[PDB]
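# Report on the structure
Single-letter residue listing:
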Amino acid sequence: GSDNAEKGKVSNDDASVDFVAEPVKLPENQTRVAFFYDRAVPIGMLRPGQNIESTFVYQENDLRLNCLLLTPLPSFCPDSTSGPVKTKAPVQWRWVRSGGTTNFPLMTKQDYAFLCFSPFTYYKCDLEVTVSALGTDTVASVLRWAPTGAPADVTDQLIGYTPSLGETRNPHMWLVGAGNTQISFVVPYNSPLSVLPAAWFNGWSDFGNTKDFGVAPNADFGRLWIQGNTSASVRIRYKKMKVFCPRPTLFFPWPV
Amino acid sequence: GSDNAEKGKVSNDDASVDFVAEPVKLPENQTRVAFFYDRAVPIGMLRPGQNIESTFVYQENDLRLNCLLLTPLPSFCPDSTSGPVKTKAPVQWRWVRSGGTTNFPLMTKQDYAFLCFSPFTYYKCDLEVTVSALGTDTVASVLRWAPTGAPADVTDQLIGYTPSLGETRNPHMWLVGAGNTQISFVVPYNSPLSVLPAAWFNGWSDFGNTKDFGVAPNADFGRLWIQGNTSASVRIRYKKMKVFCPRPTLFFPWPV
Amino acid sequence: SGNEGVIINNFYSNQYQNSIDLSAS
Amino acid sequence: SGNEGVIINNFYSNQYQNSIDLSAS
Amino acid sequence: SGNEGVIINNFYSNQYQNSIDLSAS
Amino acid sequence: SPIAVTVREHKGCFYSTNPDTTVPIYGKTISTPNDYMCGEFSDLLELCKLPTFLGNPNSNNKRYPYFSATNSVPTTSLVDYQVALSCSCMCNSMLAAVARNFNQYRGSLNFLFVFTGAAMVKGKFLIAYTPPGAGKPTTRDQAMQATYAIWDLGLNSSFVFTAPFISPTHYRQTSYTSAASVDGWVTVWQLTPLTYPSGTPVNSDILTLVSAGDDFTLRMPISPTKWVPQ
Amino acid sequence: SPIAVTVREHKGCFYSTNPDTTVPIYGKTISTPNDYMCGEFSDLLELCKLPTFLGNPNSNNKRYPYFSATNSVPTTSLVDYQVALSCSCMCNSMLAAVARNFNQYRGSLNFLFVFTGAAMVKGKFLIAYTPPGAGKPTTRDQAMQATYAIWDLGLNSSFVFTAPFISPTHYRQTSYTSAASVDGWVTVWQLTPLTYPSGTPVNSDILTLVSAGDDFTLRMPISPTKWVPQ
Amino acid sequence: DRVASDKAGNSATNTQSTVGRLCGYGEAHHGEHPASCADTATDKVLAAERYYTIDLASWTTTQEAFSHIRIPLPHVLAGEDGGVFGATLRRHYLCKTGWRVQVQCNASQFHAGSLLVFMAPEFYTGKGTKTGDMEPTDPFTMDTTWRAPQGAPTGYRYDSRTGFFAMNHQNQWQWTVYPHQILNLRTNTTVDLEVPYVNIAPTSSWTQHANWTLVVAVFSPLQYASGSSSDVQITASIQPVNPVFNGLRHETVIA
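## What about the interface of chain B and chain H?
At the junction of the two partners, chain B supplies five residues and chain H supplies five residues. For the pair chain B and chain H, the two sides together bury roughly 350 Å², of which 57% comes from carbon and sulfur. Joining chain B to chain H, the criterion identifies two residue pairs in polar contact. Tallied by class, the residues present in the side of chain B that touches chain H amount to four nonpolar, no polar and one charged.

## Some details on the interface of chain A and chain F
The accessible area lost on association of the parts is a frequent measure of interface size. With 73 residues of chain A at the interface, the matching set in chain F holds 78 residues. In total, chain A and chain F occlude about 6600 Å² of area from one another, counting both sides; carbon and sulfur atoms represent 61% of this. Interface area lost by chain A to chain F is led by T31(A), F252(A) and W254(A), which between them contribute 11%. Linking chain A with chain F are zero salt bridges, by the criterion used here. The interface formed by chain A and chain F includes 30 residue pairs in polar contact. Of all the secondary-structure elements, those providing two or more residues to the side of chain A that touches chain F are β1 (2-3), α1 (33-37), α2 (112-116), β8 (120-133), β11 (182-187) and β14 (232-246) of chain A. Ranked by the residues each element gives to the side of chain A that touches chain F, the list is headed by β14(A), at eight residues.

## As for the sheet that holds strand β10 (residues 172-176) of chain B
Residue and element names in this part refer to chain B. The four strands lie next to each other as β5-β13-β9-β10, forming an open sheet whose pairing is antiparallel. The sheet terminates laterally at β5 (67-69) and β10, the two strands that pair on one side only. When strand polarity is set aside, the average angle formed by the axes of neighbouring strands in this sheet is 15 degrees. Direction of pairing for β5 relative to strand β13 (residues 223-228): antiparallel, over a ladder of three bridges. Bridge assignment links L69 to a residue of β13, and that residue is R223.

## Looking at the pattern of salt bridges
Opposite charge on two side chains permits pairing when their charged atoms draw close. Residue and element names in this part refer to chain G. Tallied over the full model, the rule gives 35 salt bridges over all chains. The partner of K136 in a salt bridge is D80, and the shortest N-O contact between them spans 2.9 Å. With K136 in the loop between β12 (122-130) and α3 (140-143) and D80 in strand β9 (residues 79-81), this residue pair connects regions lying 56 residues apart in the sequence. Note on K136: relative accessible area 38%, which makes it partly exposed.

## Focus: the arrangement of the chains
Spatially, chain A and chain D are disjoint, and the shortest separation between their C-alpha atoms is 12 Å. Contact between chain D and chain H is absent, and the least distance between their C-alpha atoms amounts to 28 Å.

## Details of the environment of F216(G)
Within the secondary structure, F216(G) is located in the loop between β17 (203-212) and β18 (217-221). Among residues more than four places away in sequence, those in contact with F216(G) are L45(G), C48(G), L85(G), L95(G), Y105(G), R106(G), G107(G), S108(G) and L109(G).

## Considerations on the sheet that holds strand β2 (residues 14-15) of chain G
Here we have five strands laid out as an open sheet, ordered β5(A)-β13(A)-β9(A)-β10(A)-β2(G), and antiparallel in their pairing. Taken across any chain shown, the strands that pair with only one partner, and hence form the sheet edges, are β5 (67-69) of chain A together with β2 of chain G.

## Some details on the side chain of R147(H)
All names here are of chain H. Among the structural elements, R147 can be located in the loop between β10 (136-137) and β11 (180-184). Among the polar contacts made by the side chain of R147, one reaches the main-chain carbonyl oxygen of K127 at a distance of 3.0 Å. Non-local contacts of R147, meaning those with residues more than four positions away in its chain, are made with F66, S67, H68, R70, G126, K127 and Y156.

## Quick notes on the packing of aromatic side chains
One pass over the structure, following the stated rule, counts 79 aromatic pairs over all chains. Ring plane angle 55 degrees and centroid distance 6.0 Å describe the contact between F213(A) and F140(H), whose orientation is recorded as tilted. With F213(A) in the loop between β12 (196-197) and β13 (223-228) and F140(H) in the loop between β10 and β11, this residue pair bridges two chains. Accessibility expressed as a relative area gives 0% for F213(A), which makes it buried. On the basis of relative accessible area, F140(H) is assigned to the buried category, the value being 17%. If you follow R219(F) out to its NZ or CZ, it ends over the ring of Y171(F), 3.8 Å from the centre. Over the ring of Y156(H) we find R147(H), and its NZ or CZ is 5.4 Å from the ring centre.

The rules behind each value
- Residues numbered from 1 in each chain as written, not as in the entry; some residues may be left out.
- Chains lettered and ligands numbered in written order.
- Part of a larger assembly, values for the part shown.
- Heavy atoms only, no water.
- Residues with missing side-chain atoms left out of burial classes, pairs and counts.
- Contact = heavy atoms within 4.5 Å.
- Buried area = accessible area lost by both parts, 1.4 Å probe.
- Polar contact = N/O pair within 3.5 Å; in protein donor to acceptor, adjacent residues only side chain to side chain.
- Nonpolar A, V, L, I, M, F, W, Y, C, P; charged D, E, K, R; others polar.
- Salt bridge = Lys/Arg side-chain N within 4 Å of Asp/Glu carboxyl O.
- Helix = DSSP H or I, 4+ residues; strand = E, 2+ residues; numbered from the N terminus.
- Pairing = 2+ DSSP bridges.
- Axes fitted to C-alpha atoms, helices over the stretch in contact; angles between N-to-C directions.
- Buried < 20%, exposed > 50% of the residue type's maximum accessible area, 1.4 Å probe, protein only.
- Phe/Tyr/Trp six-rings, centres within 6.5 Å; stacked < 30°, edge-to-face > 60°.
- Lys NZ or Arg CZ within 6 Å of the ring centre and 35° of its normal.

Any link to function would need more than the numbers given here.
As structure tokens, this is what we get:
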């Protein structure tokens, strides 16, 4: 009943307060930050620019890359007054963008679900990654991972007829043979930062304050490089998620 | 603050010593010799010179061999004033070498990571070996292993239409069939020596002191011979590694 | 707390399965 | 000490899984 | 009661394996 | 010796919601300490109880965080919210924003009204909740027969009105997926006219916010029909 | 009876960093006894604390294990190290050599200076550490406003200067992978001129070494961009 | 009990119509030193721990629902108006602090209207798109004129194109989820807020990040009968709660 919104808050009632009624509440857990975000969701896909026997090289094709950034937020070959520089590794973008004329598909990669619904300012967690084959041919593929901020080491094949990506002390994966088609695994919160920005970082990324405003540095879970004969759908999963400082969700269009 | 380098050493300080400050140290284990080297890395690859049904024979092809030496250090068909003798089993070399005109690939096989970063004079450990298929065809392959110093027994097929390599009491492996594509296993520190030279052995390998200076004898983990229809990438992994007597790491080029 | 419902849920040690939580102060 | 984080980590006996450490003297 | 005859029958926690029975009142 | 195993028909299969974990590839990694942080929360449900704004449409059909009243008793209702998470005037409230990610709900909805007209203004309103079965009310008189409360203006600026959870089923679907369209209506009427003195703005604005009440819960996490902000 | 098993989607997959062991094929093999050995160590981190040489560039641009000073007070700084593992004058120190195999660091860096000029020579230097935010110092006067220490020549030959770990984040990236380029600078200035008597070499050389301080740590083992020695 | 006073060093706010002090995230900046810095911090500077009272804006009948002004922190107090606090701030790499604020605005019993006064972490303060670089303009400066709401709050892209949305999007329909209070002409002439220290890191490289923003937004339009005092300002008293400074150096030339 009667109250005062001015003070920053109000009585949070149930039927029994103003009327001859009562609390109808039942136990229920499924609405918890952790449990809720703890399910798999696609953010993009990987397409090999080259064989399992050669030297790897950044490669784009119809918005598809042979390498991808592990973050919920939007990403893509770095943008430029003259167009996204496709000869390079993807980076975090500040907005979502149509692949072409019509809205879909998207040029950018990201967790659309998480974007349309991230009721919070900061978050953190571990990331469980799943890489599933889109094709039906006996697979021969190599996958390389690296933590946020690490050298891409996108150098030349040392050993002929073998995959350059496999040539590293970093965590790499080798998948090959009939029936062997999906890669699954989990990586640690590997960022230099204490917590990550769910949406926006109200500051410059460089000391000169001239560049990339709104994007926090190393605000991601590292990245993936692929090589071999198979393209794959890539999904992420929020492990032991934690969120802070509540904020507004993505706007929804009012009915005409 | 004030000290004297002459005596062979100096105070190893933190901020709190010279100033109104303090120790900012956090717990952390990932910098340990054992843990650090305890990850897989490619040293070369194996290419079959012949069927699963025939008599095995040393064979080279575009720097690829049907046999390989288990050591981090550089190796290859034995060198000669007239060129590496390719009709023979690989041996330890004293330097790394380009396959051809440009730097890469390499003619020699080795753990490039371990070479660019082995801050120690001697080491020891067990070796975990992984042999992964580079191709997609139903595999039919045989792999033979032997400890450092053992007879190659690279003799003739006793039983017709079968693999000569399989004809031994030594540890051998038989892989065949759709989906069956990788071989994994671990071998013991099998050297006659107490510890191994991480880089250099400042002495002659023969009593006559005329030959192979800088290379310690039986300073390896044995070797692999292959036969059958499939080529494979070969990686090694340092198990329960131990290092001794610290020394300088591979030089890094000063910026022009 | 999260979406995990398996009893035999250890196999890999805890410290390997998850980032290690540690408090700066 | 090394990069191994599995609980059920025995299956193969120790002496088989690893080179046996023994001191000369 | 139903058509289930396996001893080691847990693996997945009960609450995950089945809808949770709860009485309104 | 090896253990004999029976390999189930469903092998190699991947489950987006699999209740179990997978393989760890970068172990013993410490998670950058964040003990300094404040503002943390665990349950999406709480966000639901924070009152946020209802979008009220204008003739030229554009939205306001409120509605207006004056020195008259409009024969019809001033505003009318349809108790239904899917419902549109809520399209943009935290309550609805969270609710669209879940299949079903239970419990009370709380409608919050804040009077922003001048201190010198007075008057009374009649807020009501009408359950289905006899159709939506078309007159204060009818509304008055269902669940209602009188809101009197005065020193205290606001009013919390609770739409009771009255239903056949223990739960209710959160979305207009096919058509039973609703779970009744919340209607606001003038009981007495806004009254005041000369020198006072004759048209007062009443802020309209909505939120999940105390009893309230959501369940079964799902995906909404995908959308694109305008 | 056989145990029924659910075969996970990720089968047949190989993990370079898999936290587990594999099959043993030559068991019961004794490891050649090495109890006689000395010089053993367990933590790469220790190598980090052993001070090694900084590579100081010459006009014709070639390197020296040191820098020179004389009977003057150069208006500008004598040398300036950029607190940044990736940084080049350290390119070849054990500290940097180890650090490039790890993704992040924390703690103090210790800069060691050794005076090798003649016993008869004297003088004072001003070593300073400047954190970012206001740009790198361009004058002793400015430097003097940040963290600093005065180094006085005398009987004792050397000096250990600690670049404090002052930072927004609990950790810092070890590599110049993209561009925030640095974590401040270490600058060396003359406070007073090197003074001396006739018959003494007018230009004294100061050995410059660097090492990880006590507080210091590294984490997340990785691979550096591959290189080839000249 | 609607009459209250708050003192801070040689400064003191005062009000006869308060509705209490809303304390965000239910807690305050305690002035702890950052575990990420080795150097002993500079703190407890009385001269710097007070209310800096300044002008916010002129509220008129013209402004509509959700029109607003954004005030960035610490930035807005990093220069001259910040006195000793700004002066000390300019000479340190890092700063970590909370905020205690009082927003003031009076009218009369014959006036109508209402404001939403609140504080948000990581809230977009960019003014416009910088022609050339594809970046914002004056992120760290306070709005000098009311800002119109977006009919469809999809944010601001810099690539000069339109479509979908930007990460700097802010959906006003939900602004009340942030720590706040409502300033209602018929109820109160002041609002009192307070927030802790939050951020992506233990302490802040302030020079390049406005982690907190003080936002004043209109809910119901200002209204008054002819003859009624037409001139209505909105001012504010801002105070740094337990500021803690690290990484002393030559001075950052905000100027």
